[PDB]
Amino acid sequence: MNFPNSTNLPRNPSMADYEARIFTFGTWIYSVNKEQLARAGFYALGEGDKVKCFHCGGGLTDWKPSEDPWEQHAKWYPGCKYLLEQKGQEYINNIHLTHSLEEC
């Protein structure tokens, strides 16, 4: 509902540290791995498996075990500068092509 942050500055700098993001999950019952989530820049909101990226502020939910944090981050928040710093544009293009092709 809010626009995604495409600047090089994090929307939520309180969640910029991996350890800070890790704390937000607590006991995590969900199919997708919390450390893998925190590495993809995601922190938990405390309602179901709702996560937000610390940098773009981009929010995701209803994590199937087939869904990957970095892939979902790229699918839904392609303009995220954190995503770009960590993964690079070669990775990001693959994800886009793969999912844009996945539709068939």
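In case it trips you up, residue 1 is the first one in the sequence shown, and so on. What we label the rigid core is the largest C-alpha set whose atoms superpose within 1.5 Å from one form to the other.
A.B. asks: Which of the two stretches, 53-61 versus 27-35, has its Cα atoms farther on average from this form in 6 other deposited structures of this protein when everything is superposed by the rigid core?
C.D. replies: The answer is 27-35, which departs more from the shown form in 6 other deposited structures of this protein.
A.B. asks: Find the stretch among 62-70 and 40-48 with the larger RMS C-alpha deviation in 6 other deposited structures of this protein, all structures being superposed on the shown form by the rigid core.
C.D. replies: Looking at 62-70 versus 40-48 in 6 other deposited structures of this protein, the farther one turns out to be 62-70.
A.B. asks: Which has the higher mean CA temperature factor in the PDB entry, 28-36 or 44-52?
C.D. replies: If you average the C-alpha B-factors of 44-52 and of 28-36, the larger mean comes out for 28-36.
A.B. asks: Per the PDB record, is the mean Cα temperature factor higher over 16-24 or over 78-86?
C.D. replies: Comparing averages over the C-alpha atoms only gives 16-24.
A.B. asks: Pull the Cα B-factor of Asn8 out of the PDB entry and bin it into the chain's lowest, middle or highest third.
C.D. replies: As the PDB entry reports it, the C-alpha B-factor of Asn8 lands in the middle third of its chain.
A.B. asks: Taking only the Cα B-factors deposited for this chain, tell me whether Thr61 sits in the lowest, middle or highest third.
C.D. replies: Middle third of the chain for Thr61's C-alpha B-factor.
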